[PDB]
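# A look at the structure
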Amino acid sequence: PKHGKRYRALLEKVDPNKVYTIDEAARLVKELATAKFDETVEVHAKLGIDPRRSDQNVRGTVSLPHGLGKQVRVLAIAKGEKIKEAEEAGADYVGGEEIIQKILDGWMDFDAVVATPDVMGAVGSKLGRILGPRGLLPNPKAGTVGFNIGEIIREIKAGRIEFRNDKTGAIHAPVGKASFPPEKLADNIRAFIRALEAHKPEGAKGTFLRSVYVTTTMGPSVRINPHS
Amino acid sequence: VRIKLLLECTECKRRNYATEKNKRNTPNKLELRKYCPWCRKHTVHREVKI
Amino acid sequence: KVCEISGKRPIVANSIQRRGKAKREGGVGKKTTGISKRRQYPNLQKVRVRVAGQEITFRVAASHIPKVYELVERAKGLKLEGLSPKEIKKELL
RNA sequence: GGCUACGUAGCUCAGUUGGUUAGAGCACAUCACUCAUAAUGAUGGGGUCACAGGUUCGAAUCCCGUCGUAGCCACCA
RNA sequence: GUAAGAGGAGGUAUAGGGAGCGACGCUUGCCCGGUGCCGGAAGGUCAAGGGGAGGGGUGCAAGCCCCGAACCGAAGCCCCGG
RNA sequence: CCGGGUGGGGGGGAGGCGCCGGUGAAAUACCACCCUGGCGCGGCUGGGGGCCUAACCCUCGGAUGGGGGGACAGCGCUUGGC
RNA sequence: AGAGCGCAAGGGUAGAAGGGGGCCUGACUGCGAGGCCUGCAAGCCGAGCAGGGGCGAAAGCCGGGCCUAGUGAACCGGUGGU
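Residues numbered from 1 in each chain as written, not as in the entry; some residues may be left out. Chains lettered and ligands numbered in written order. Part of a larger assembly, values for the part shown. Heavy atoms only, no water.

- Structure determination for this PDB entry was carried out by X-ray crystallography, with a resolution of 3.50 Å recorded in the header.

## A closer look at the pairing of strand β1 (residues 6–10) of chain B
All names here are of chain B.
- For β1 and strand β2 (residues 17–21), the ladder comprises 5 bridges, and the chain directions are antiparallel. Among the inter-strand pairings, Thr10 is bridged to a residue of β2, identified as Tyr17.
- Once β1 ends, the chain turns through 6 residues before running back antiparallel as β2, passing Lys13 with a positive phi of about 45 degrees.
- Direction of pairing for β1 relative to strand β3 (residues 46–48): antiparallel, over a ladder of 3 bridges. (Pairing = 2+ DSSP bridges. Helix = DSSP H or I, 4+ residues; strand = E, 2+ residues; numbered from the N terminus.)

## Quick word on the arrangement of the chains
- Of all C-alpha pairs spanning chain A and chain C, none lies closer than 25 Å, and the two are not in contact.
- Where chain B comes nearest to chain C, the C-alpha atoms are still 15 Å apart, and the two do not contact one another. (Contact = heavy atoms within 4.5 Å.)

## Focus: the pattern of salt bridges
- Applying the stated rule across the entire model yields 13 salt bridges over all chains.
- For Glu81 of chain A, the salt bridge is made with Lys84 of chain A, and the minimal N-O distance between the two is 3.8 Å. Remark: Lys84 of chain A and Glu81 of chain A occur in helix α3 (residues 81–86); sequence separation between them is 3 residues, near one turn of the helix.
- A relative accessible area of 40% means that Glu81 of chain A is categorised as partly exposed.
- The class for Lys84 of chain A is exposed, based on a relative accessible area of 54%.
- Between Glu25 of chain C and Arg24 of chain C there is a salt bridge, with the nearest N and O atoms lying 3.0 Å from each other.
- Shared partners join several salt bridges into a network, and the residues in it are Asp38, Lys70 and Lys177 of chain A. (Salt bridge = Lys/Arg side-chain N within 4 Å of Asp/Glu carboxyl O. Buried < 20%, exposed > 50% of the residue type's maximum accessible area, 1.4 Å probe, protein only.)

## Re the protein's contact with RNA strand G
- What surrounds RNA strand G is the set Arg15, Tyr17, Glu20, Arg33, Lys34, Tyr35, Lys41, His42 and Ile50 of chain B together with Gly27 and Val28 of chain C.
- Atoms of RNA strand G within 4 Å of the protein belong to the sugar or the phosphate in 83% of instances, the rest to bases.
- Take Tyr17 of chain B: an N or O atom from its side chain is 3.2 Å from a sugar or linking oxygen of RNA strand G.
- At 3.3 Å from a sugar or linking oxygen of RNA strand G is found a main-chain nitrogen or oxygen belonging to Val28 of chain C.
- Here the residues of the surface near RNA strand G are counted per class, giving 4 nonpolar, 2 polar and 5 charged. (Near = heavy atom within 4 Å. Polar contact = N/O pair within 3.5 Å; in protein donor to acceptor, adjacent residues only side chain to side chain. Nonpolar A, V, L, I, M, F, W, Y, C, P; charged D, E, K, R; others polar.)

Dropping the structure here:
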């Protein structure tokens, strides 16, 4: 073995110096992915915001013109009343302030927590050590700041992606879902660039946009002339 | 005097001015309080620059 | 001295480096005001090409050596003969 | 002003390209060996690594704000 | 002396220029802090120069002009010792 | 880092892995950027060693030349400094 | 009224300037009669009028500060702006 055998076939499914933009990738890379059945896209976006630049880890929460195709369950913590709101959307045992210990031990059916401003404090004091940095805590901007957050739970069932910078700009946007024709792929790509600028930080120099790679689950990527 | 610093106040929605003074030692951050604009009527005014 | 091709001779006084101190843009200006006086020499060089039978030197300017090479080629066409350094060098130009 | 470079215990300096378990010699207290002091040894007193957020699950180990400190430049209506 | 050159010298380290005291005799101690001065293939800082990210202005536009970042940039002062 | 990693070929064969779980801040087949420091190669542009001779600069019983240095030295413009 | 009346002094002060809380931001803009003071230039006094506000039910006061020190013509240029 090596790069896999498939990815030698894909050594020729990239011609390691191309672009194919949003469009030629929409179609020809509606094909280019070959593995299982998700072909993520992972818009892998690197710019120049620095691992810190004092304070610039971005945040930006995107949901696309339609949706991704997943599930989060959300669990949530919401002093009885708040539940009500979120309790017509996606919800797994919203539990006023009781499902924090069964997270803290017993059962793990979740992603995010919707929190509130109130229990932010609460839910920000306990499992704040892993959920944050790994990406699950309140982090009062990651779908966790009130009761418009059940409506933002529908912003979640639509999508989430938290624009960030890490140490590589990185960002990794996952769609395409095996059956997204050329359309939905093109569309959600353009969309992610839109929102990318919609929540971008300033104060740092270099070159915004570039390493854009439409990198599927296990396949091709080699940029897209990262914009148009 | 300087080191206790002096500042001018500026409106919102673009421009409108006056000529006042500050003081740092008291836990003061964004100096913000009422005044009047040249054009229109009563507005806030935020602390600004030199 | 002076170039024997296109003249060219010295230049003084407010020809210059001046010092000045000068202005420009630091705020009120670089330091702003700034002013004083000086002097400026010109170039030359010395090139020795034979041409015809004898030898000749040249008190050439800086950017004008090809001019006297062109002189070599120009003097070819004429009748140069015998012992005449600066004399034949003269009729040249 | 631009620029850098340090600023840690009373004294004096390490460690400083993280990750533990934050110091060492002189100063002082108790003892110890000592025929007796010195020398050495074994403990203890004191850090709040100048000041605050941001990165790390975890910076005394980075960014930035703020002064205190020195070299250079250069701005002094 | 602006030069060409002049002396120094048709001399050549037992020689030529400068400084201090001043025959001969006994002797010339201690401090490199500042300063001058001998030295050092690191460095702090600083000039024109180089490079050109990012940008401005202008015109259908091609284009033209202007601003300048990273780093590259000497002696000098600081720095290390004598 | 003595813990082991990565890379190459000989042999022999249908077995070899991966996953919540189990363990911590973080999981470990696996596709993509980047940081890190290092190797190399292309662009851009300096450092330093050594050779060469004919510009250039001296020098030899009339030199057409030979002999010494040589792109340094000297000179023009210019940079900043003392 | 001998205390406090920010800080020197003097005048002044409870029929409050002091001291408590609520509210607020008139430490307004455009002016400004008529004065104090006066070699000039400066400095110092204020109703009133328009705006549009803060307090009070109001009557009303509010264009900083109990009062007199806490300051710097002009030229130069930075600054946001028409």
